[PDB]
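Novice: File follows, run-v7.csv with CSV, C-alpha atoms:
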```csv
chain,number,residue,atom,x,y,z
A,62,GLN,CA,-26.8,21.6,5.2
A,63,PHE,CA,-26.2,18.9,2.5
A,64,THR,CA,-28.6,16.1,3.4
A,65,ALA,CA,-29.8,12.9,1.9
A,66,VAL,CA,-33.1,12.5,3.8
A,67,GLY,CA,-33.7,8.9,2.6
A,68,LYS,CA,-32.7,5.8,4.5
A,69,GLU,CA,-33.2,2.0,4.0
A,70,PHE,CA,-33.7,-0.7,6.7
A,71,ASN,CA,-34.5,-4.4,6.6
A,72,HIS,CA,-37.4,-6.4,8.1
A,73,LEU,CA,-35.5,-6.7,11.4
A,74,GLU,CA,-34.8,-3.0,11.9
A,75,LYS,CA,-38.3,-1.7,12.2
A,76,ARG,CA,-37.4,0.3,15.4
A,77,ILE,CA,-34.7,2.5,13.8
A,78,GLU,CA,-37.0,2.8,10.8
A,79,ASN,CA,-39.6,4.4,13.2
A,80,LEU,CA,-36.9,6.4,14.9
A,81,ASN,CA,-35.9,7.8,11.4
A,82,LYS,CA,-39.5,8.6,10.6
A,83,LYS,CA,-39.9,10.3,14.0
A,84,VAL,CA,-37.0,12.6,13.1
A,85,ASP,CA,-38.5,13.4,9.6
A,86,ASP,CA,-42.0,14.0,11.1
A,87,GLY,CA,-40.8,16.1,14.1
A,88,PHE,CA,-38.8,18.4,11.8
A,89,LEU,CA,-41.8,18.5,9.4
A,90,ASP,CA,-44.1,19.7,12.3
A,91,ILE,CA,-41.6,22.3,13.6
A,92,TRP,CA,-41.0,23.8,10.1
A,93,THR,CA,-44.7,23.8,9.1
A,94,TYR,CA,-45.8,25.5,12.3
A,95,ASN,CA,-43.0,28.1,12.3
A,96,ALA,CA,-43.4,28.9,8.6
A,97,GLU,CA,-47.1,29.4,9.0
A,98,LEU,CA,-46.7,31.8,12.0
A,99,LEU,CA,-43.7,33.7,10.6
A,100,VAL,CA,-46.0,34.5,7.6
A,101,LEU,CA,-49.0,35.4,9.8
A,102,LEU,CA,-47.0,37.7,12.0
A,103,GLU,CA,-44.9,39.5,9.4
A,104,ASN,CA,-47.9,40.0,7.3
A,105,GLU,CA,-49.6,41.8,10.2
A,106,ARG,CA,-46.5,44.0,10.7
A,107,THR,CA,-46.1,44.8,6.9
A,108,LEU,CA,-49.7,46.0,6.7
A,109,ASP,CA,-49.4,47.9,9.9
A,110,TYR,CA,-46.2,49.5,8.5
A,111,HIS,CA,-48.0,50.6,5.3
A,112,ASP,CA,-50.8,52.1,7.5
A,113,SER,CA,-48.2,53.7,9.6
A,114,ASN,CA,-46.6,55.5,6.6
A,115,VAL,CA,-49.8,56.9,5.2
A,116,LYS,CA,-50.8,58.1,8.7
A,117,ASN,CA,-47.4,59.9,9.0
A,118,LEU,CA,-47.8,61.4,5.5
A,119,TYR,CA,-51.3,62.8,6.3
A,120,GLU,CA,-50.1,63.9,9.8
A,121,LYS,CA,-47.1,65.8,8.3
A,122,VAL,CA,-49.5,67.7,5.9
B,119,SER,CA,-15.4,9.9,-6.5
B,120,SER,CA,-12.9,7.4,-8.0
B,121,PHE,CA,-14.8,4.2,-8.9
B,122,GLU,CA,-13.4,1.4,-11.2
B,123,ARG,CA,-13.8,-2.3,-11.8
B,124,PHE,CA,-10.8,-4.7,-12.3
B,125,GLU,CA,-10.1,-8.4,-12.5
B,126,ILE,CA,-8.8,-9.4,-9.1
B,127,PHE,CA,-8.2,-13.1,-9.7
B,128,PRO,CA,-8.0,-13.8,-13.5
B,129,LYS,CA,-9.9,-16.8,-14.7
B,130,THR,CA,-7.2,-17.9,-17.2
B,131,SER,CA,-4.4,-18.1,-14.5
B,132,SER,CA,-5.7,-18.0,-10.9
B,133,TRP,CA,-7.4,-21.4,-10.5
B,134,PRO,CA,-5.2,-24.2,-11.9
B,135,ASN,CA,-6.4,-27.1,-9.7
B,136,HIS,CA,-10.2,-26.3,-10.1
B,137,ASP,CA,-12.8,-26.0,-12.7
B,138,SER,CA,-13.9,-22.4,-13.6
B,139,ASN,CA,-16.1,-23.3,-16.7
B,140,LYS,CA,-18.7,-25.6,-15.2
B,141,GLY,CA,-20.0,-22.9,-12.7
B,142,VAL,CA,-23.3,-22.0,-14.4
B,143,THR,CA,-26.9,-22.5,-13.4
B,144,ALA,CA,-30.4,-22.3,-14.9
B,145,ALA,CA,-31.2,-19.8,-12.1
B,146,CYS,CA,-29.1,-17.1,-13.8
B,147,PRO,CA,-29.9,-17.5,-17.5
B,148,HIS,CA,-28.2,-15.2,-20.0
B,149,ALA,CA,-29.4,-15.8,-23.6
B,150,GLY,CA,-31.9,-18.3,-22.3
B,151,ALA,CA,-28.8,-20.4,-21.4
B,152,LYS,CA,-27.4,-21.6,-18.1
B,153,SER,CA,-25.1,-18.8,-16.9
B,154,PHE,CA,-23.7,-17.1,-13.7
B,155,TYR,CA,-22.5,-13.7,-12.3
B,156,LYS,CA,-19.7,-11.9,-14.3
B,157,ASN,CA,-18.0,-10.6,-11.1
B,158,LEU,CA,-17.8,-14.0,-9.3
B,159,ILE,CA,-16.7,-17.5,-10.4
B,160,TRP,CA,-18.4,-20.7,-9.1
B,161,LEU,CA,-15.6,-23.1,-8.7
B,162,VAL,CA,-16.3,-26.8,-9.2
B,163,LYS,CA,-13.8,-29.8,-8.7
B,164,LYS,CA,-11.4,-30.8,-11.4
B,165,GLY,CA,-11.5,-34.6,-12.2
B,166,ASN,CA,-12.4,-36.2,-8.9
B,167,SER,CA,-10.6,-34.0,-6.3
B,168,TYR,CA,-11.0,-30.4,-4.9
B,169,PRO,CA,-7.7,-29.6,-3.3
B,170,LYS,CA,-7.3,-27.1,-0.5
B,171,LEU,CA,-7.7,-23.7,-2.0
B,172,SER,CA,-5.4,-20.9,-1.0
B,173,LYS,CA,-5.3,-17.4,-2.7
B,174,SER,CA,-4.5,-14.0,-1.4
B,175,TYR,CA,-4.5,-10.4,-2.8
B,176,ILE,CA,-2.6,-7.3,-1.7
B,177,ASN,CA,-4.3,-4.0,-2.4
B,178,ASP,CA,-1.9,-2.1,-4.7
B,179,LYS,CA,-4.6,0.5,-5.6
B,180,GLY,CA,-4.2,3.8,-3.8
B,181,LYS,CA,-7.7,3.5,-2.5
B,182,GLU,CA,-10.2,1.1,-0.7
B,183,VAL,CA,-11.1,-2.0,-2.7
B,184,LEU,CA,-14.4,-3.7,-2.4
B,185,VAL,CA,-14.4,-7.5,-2.4
B,186,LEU,CA,-17.4,-9.8,-2.7
B,187,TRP,CA,-17.7,-13.5,-2.5
B,188,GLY,CA,-20.3,-16.2,-2.0
B,189,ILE,CA,-20.7,-19.3,0.0
B,190,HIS,CA,-22.8,-22.1,-1.6
B,191,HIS,CA,-25.2,-24.3,0.4
B,192,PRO,CA,-26.4,-27.3,-1.6
B,193,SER,CA,-29.6,-29.1,-0.9
B,194,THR,CA,-28.3,-32.7,-0.9
B,195,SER,CA,-25.1,-34.5,0.0
B,196,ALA,CA,-25.2,-36.3,-3.4
B,197,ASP,CA,-25.1,-32.8,-5.0
B,198,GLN,CA,-22.4,-31.6,-2.5
B,199,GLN,CA,-20.2,-34.6,-3.3
B,200,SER,CA,-20.7,-34.1,-7.1
B,201,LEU,CA,-19.6,-30.5,-7.1
B,202,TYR,CA,-16.8,-30.7,-4.5
B,204,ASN,CA,-15.2,-33.7,-0.4
B,205,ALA,CA,-17.7,-34.2,2.4
B,206,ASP,CA,-16.7,-32.0,5.4
B,207,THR,CA,-15.5,-28.6,4.2
B,208,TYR,CA,-14.9,-25.0,5.4
B,209,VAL,CA,-14.3,-21.5,3.8
B,210,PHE,CA,-12.1,-19.0,5.5
B,211,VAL,CA,-11.7,-15.3,4.7
B,212,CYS,CA,-9.6,-12.8,6.6
B,213,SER,CA,-7.8,-9.5,6.0
B,214,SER,CA,-5.9,-7.5,8.7
B,215,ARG,CA,-9.3,-6.2,9.8
B,216,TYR,CA,-11.9,-8.7,8.7
B,217,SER,CA,-12.0,-12.5,9.7
B,218,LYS,CA,-14.8,-15.1,9.3
B,219,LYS,CA,-15.0,-18.8,8.9
B,220,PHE,CA,-18.0,-20.3,7.0
B,221,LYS,CA,-19.5,-23.8,7.4
B,222,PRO,CA,-21.7,-25.3,4.6
B,223,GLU,CA,-25.3,-25.9,5.9
B,224,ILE,CA,-26.4,-28.7,3.6
B,225,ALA,CA,-30.3,-28.8,3.4
B,226,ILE,CA,-33.4,-29.0,1.1
B,227,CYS,CA,-35.0,-25.6,1.3
B,228,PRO,CA,-38.2,-24.2,-0.3
B,229,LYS,CA,-37.8,-24.1,-4.0
B,230,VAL,CA,-37.0,-20.5,-5.3
B,231,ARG,CA,-36.4,-19.9,-9.1
B,232,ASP,CA,-36.4,-23.8,-9.6
B,233,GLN,CA,-33.7,-23.9,-6.9
B,234,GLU,CA,-33.7,-25.9,-3.6
B,235,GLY,CA,-30.3,-24.7,-2.5
B,236,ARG,CA,-29.0,-21.4,-1.0
B,237,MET,CA,-26.1,-19.0,-1.7
B,238,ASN,CA,-25.2,-16.4,0.8
B,239,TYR,CA,-23.4,-13.3,-0.4
B,240,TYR,CA,-20.6,-11.6,1.6
B,241,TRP,CA,-18.5,-8.5,1.2
B,242,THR,CA,-15.7,-6.5,2.9
B,243,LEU,CA,-13.5,-3.3,2.3
B,244,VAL,CA,-9.7,-3.8,2.0
B,245,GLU,CA,-7.6,-1.0,3.4
B,246,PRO,CA,-5.1,0.7,1.0
B,247,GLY,CA,-2.0,-1.6,1.4
B,248,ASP,CA,-3.8,-4.5,3.2
B,249,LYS,CA,-3.8,-8.2,2.3
B,250,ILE,CA,-7.0,-10.5,2.0
B,251,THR,CA,-6.8,-14.2,2.2
B,252,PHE,CA,-9.3,-16.7,0.8
B,253,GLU,CA,-8.9,-20.3,1.8
B,254,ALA,CA,-11.3,-23.2,1.1
B,255,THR,CA,-12.0,-27.0,0.7
B,256,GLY,CA,-15.3,-26.4,-1.1
B,257,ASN,CA,-18.5,-24.3,-1.6
B,258,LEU,CA,-16.7,-21.0,-2.2
B,259,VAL,CA,-18.0,-18.8,-4.9
B,260,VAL,CA,-14.8,-17.0,-5.7
B,261,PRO,CA,-14.1,-13.3,-6.6
B,262,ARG,CA,-13.2,-12.5,-10.2
B,263,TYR,CA,-13.9,-8.8,-10.3
B,264,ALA,CA,-13.3,-6.3,-7.5
B,265,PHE,CA,-14.0,-2.6,-7.4
B,266,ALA,CA,-11.5,0.2,-6.5
B,267,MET,CA,-13.1,3.4,-4.9
B,268,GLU,CA,-13.2,6.5,-2.7
B,269,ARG,CA,-16.4,7.5,-0.9
B,270,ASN,CA,-18.1,10.8,-0.4
B,271,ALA,CA,-20.2,11.3,2.8
B,273,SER,CA,-25.5,10.6,-0.3
B,274,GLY,CA,-28.7,8.5,-1.0
B,275,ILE,CA,-30.8,6.3,-3.2
B,276,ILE,CA,-33.9,7.3,-5.2
B,277,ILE,CA,-36.4,4.7,-6.3
B,278,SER,CA,-38.2,6.4,-9.2
B,279,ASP,CA,-39.5,6.1,-12.8
B,280,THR,CA,-38.7,9.8,-13.4
B,281,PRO,CA,-36.7,10.5,-16.6
B,282,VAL,CA,-33.1,11.6,-16.5
B,283,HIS,CA,-31.8,14.8,-18.3
C,174,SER,CA,-17.3,-19.8,38.2
C,175,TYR,CA,-17.7,-16.5,40.0
C,176,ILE,CA,-20.6,-15.2,42.0
C,177,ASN,CA,-20.9,-11.3,42.1
C,178,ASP,CA,-20.7,-10.4,45.8
C,179,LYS,CA,-20.2,-6.7,45.0
C,180,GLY,CA,-23.3,-4.6,45.5
C,181,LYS,CA,-23.1,-3.4,41.9
C,182,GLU,CA,-22.7,-4.6,38.3
C,183,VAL,CA,-19.4,-6.3,37.5
C,184,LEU,CA,-17.6,-6.1,34.1
C,185,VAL,CA,-16.0,-9.3,32.9
C,186,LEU,CA,-13.8,-9.5,29.9
C,187,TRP,CA,-12.1,-12.5,28.3
C,188,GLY,CA,-10.5,-13.6,25.1
C,189,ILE,CA,-10.6,-16.5,22.6
C,190,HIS,CA,-7.4,-17.4,20.9
C,191,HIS,CA,-7.3,-18.5,17.2
C,192,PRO,CA,-3.8,-19.9,16.3
C,193,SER,CA,-2.5,-19.9,12.7
C,194,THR,CA,-1.4,-23.6,12.6
C,195,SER,CA,-2.4,-26.9,14.1
C,196,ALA,CA,1.2,-27.5,15.2
C,197,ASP,CA,1.0,-24.2,17.2
C,198,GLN,CA,-2.5,-25.2,18.5
C,199,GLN,CA,-1.2,-28.6,19.7
C,200,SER,CA,1.9,-27.0,21.3
C,201,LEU,CA,-0.1,-24.5,23.4
C,202,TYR,CA,-3.1,-26.7,24.3
C,204,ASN,CA,-5.7,-31.0,22.5
C,205,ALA,CA,-7.0,-30.9,18.9
C,206,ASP,CA,-10.8,-30.3,19.0
C,207,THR,CA,-11.7,-27.8,21.7
C,208,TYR,CA,-14.5,-25.4,22.8
C,209,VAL,CA,-14.9,-22.4,25.2
C,210,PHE,CA,-18.2,-21.9,26.9
C,211,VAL,CA,-19.3,-18.8,28.9
C,212,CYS,CA,-22.7,-18.3,30.5
C,213,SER,CA,-24.3,-16.2,33.3
C,214,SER,CA,-28.0,-16.2,34.1
C,215,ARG,CA,-28.5,-13.7,31.3
C,216,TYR,CA,-25.5,-14.2,28.9
C,217,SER,CA,-24.6,-17.5,27.1
C,218,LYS,CA,-22.3,-18.2,24.2
C,219,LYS,CA,-20.1,-21.1,23.0
C,220,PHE,CA,-16.9,-20.4,21.0
C,221,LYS,CA,-15.2,-22.6,18.5
C,222,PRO,CA,-11.5,-22.0,17.6
C,223,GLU,CA,-11.1,-21.1,13.9
C,224,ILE,CA,-7.5,-22.2,13.2
C,225,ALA,CA,-6.1,-20.4,10.2
C,226,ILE,CA,-3.1,-18.4,8.8
C,227,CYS,CA,-4.2,-14.8,8.5
C,228,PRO,CA,-2.4,-11.7,7.2
```
Can the structure from this file be put into structure tokens for me?
Specialist:
Amino acid sequence: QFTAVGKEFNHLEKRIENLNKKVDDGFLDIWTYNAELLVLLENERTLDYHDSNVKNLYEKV
Amino acid sequence: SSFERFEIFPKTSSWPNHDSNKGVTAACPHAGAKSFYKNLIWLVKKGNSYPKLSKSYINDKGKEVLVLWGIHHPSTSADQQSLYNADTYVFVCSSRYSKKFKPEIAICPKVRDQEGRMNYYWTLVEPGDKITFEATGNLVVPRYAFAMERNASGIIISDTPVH
Amino acid sequence: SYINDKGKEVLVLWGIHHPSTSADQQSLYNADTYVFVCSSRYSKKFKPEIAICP
């Protein structure tokens, strides 16, 4: 989605400031975690796949 | 998407009973000379009277118009009397917006060689709406407004070059 | 004044009138006036801004 992540608050709006920051940091954490795992898990499967193909080639022979 | 700046209340014609030249200060120097904002006019009394001010503007532009004005708050009553009247008010209202202002006269901490204050106000005028300014003093008046249409973005604070 | 005898929160609404002219103001109501509302929690004074609006 089209987003402008940035926001500006004054010296009397510290609470929504920290609400905004909580939104940015909660999404950061979710994405970071998911992206790391998605890689770790698909990398396992890829390498298994490659092993799987060789095996099937040798087995066919 | 459709921004433009236009003279809303011409200096030459809009203020016949008031002074529009003497509205400069050392706080806003131009060429090292006492100046003021280009988009607002600081009105001072003409001769020795500041008659009830009454000016209105209908938005003929096919879009929203952005109006800004200022309320002046002098430090001393001697200063107040010399620029403008003793008991004064400023009144602005459209069909949507409406606020009265009351000049708080007081000696504040000195900022930029200035012991007075000037509060800055703004509102959006609907396409086809009327906005009325009324005053007996202290009103920094609009000279330039902006016509526009918005698009649902942000602000970057950077030293990074443009290309 | 009104004490809330209902066993729950009560919602109160009121309005402040701002006439266009002093001739109108005088004819409905006095020249210098005020409205004051306060509970144990809420408290506000109101001051009639008399002016000709759009």
Novice: By how many Å are CA of residue 167 (chain B) and CA of residue 136 (chain B) apart?
Specialist: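 Value for the CA of residue 167 (chain B)-CA of residue 136 (chain B) distance: 8.6 Å.
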Novice: Would you please work out which residue, of B:172, B:143, B:200, B:153, is nearest to residue 233 (chain B) when using all atoms listed in the file?
Specialist: B:143
Novice: Separation of CA of residue 122 (chain B) and CA of residue 171 (chain B), in Å?
Specialist: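 The value is 27.3 Å.
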Novice: Please tabulate, as JSON lines, the residues of chain B that come within 7 Å of chain C, each with its closest pair of atoms and the distance in Å to one decimal, counting all atoms listed in the file and ordering rows by chain, then residue number upward.
Specialist:
```
{"residue": "B:212", "atom": "CA", "partner": "C:227", "partner_atom": "CA", "distance": 6.1}
{"residue": "B:213", "atom": "CA", "partner": "C:228", "partner_atom": "CA", "distance": 6.0}
{"residue": "B:214", "atom": "CA", "partner": "C:228", "partner_atom": "CA", "distance": 5.7}
{"residue": "B:219", "atom": "CA", "partner": "C:223", "partner_atom": "CA", "distance": 6.7}
{"residue": "B:249", "atom": "CA", "partner": "C:228", "partner_atom": "CA", "distance": 6.2}
{"residue": "B:251", "atom": "CA", "partner": "C:227", "partner_atom": "CA", "distance": 6.8}
```
Novice: Using only C-alpha atoms, please write the residues we just selected to a file, as a PDB file, in the frame of the given file.
Specialist:
```pdb
ATOM      1  CA  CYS B 212      -9.600 -12.800   6.600  1.00  0.00           C
ATOM      2  CA  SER B 213      -7.800  -9.500   6.000  1.00  0.00           C
ATOM      3  CA  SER B 214      -5.900  -7.500   8.700  1.00  0.00           C
ATOM      4  CA  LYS B 219     -15.000 -18.800   8.900  1.00  0.00           C
ATOM      5  CA  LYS B 249      -3.800  -8.200   2.300  1.00  0.00           C
ATOM      6  CA  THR B 251      -6.800 -14.200   2.200  1.00  0.00           C
TER       7      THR B 251
END
```
Novice: Which of these, B:283, B:183, B:144, B:270, has the shortest distance to residue 243 (chain B) once you count only C-alpha atoms?
Specialist: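 When distances to residue 243 (chain B) are compared using only C-alpha atoms, the smallest one comes from B:183.
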Novice: Residues of chain B within 10 Å of chain A, counting all atoms listed in the file - could you list those as a VMD selection string?
Specialist: chain B and resid 271 273 to 276
Novice: Identify, on the basis of all atoms listed in the file, every residue whose closest approach to residue 175 (chain C) does not exceed 12 Å; exclude the query and any residue fewer than 4 positions from it along the same chain; express the result as a VMD selection string.
Specialist: chain C and resid 179 183 to 185 211 to 214
Novice: By how many Å are CA of residue 257 (chain B) and CA of residue 187 (chain B) apart?
Specialist: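 It comes out at 10.9 Å.
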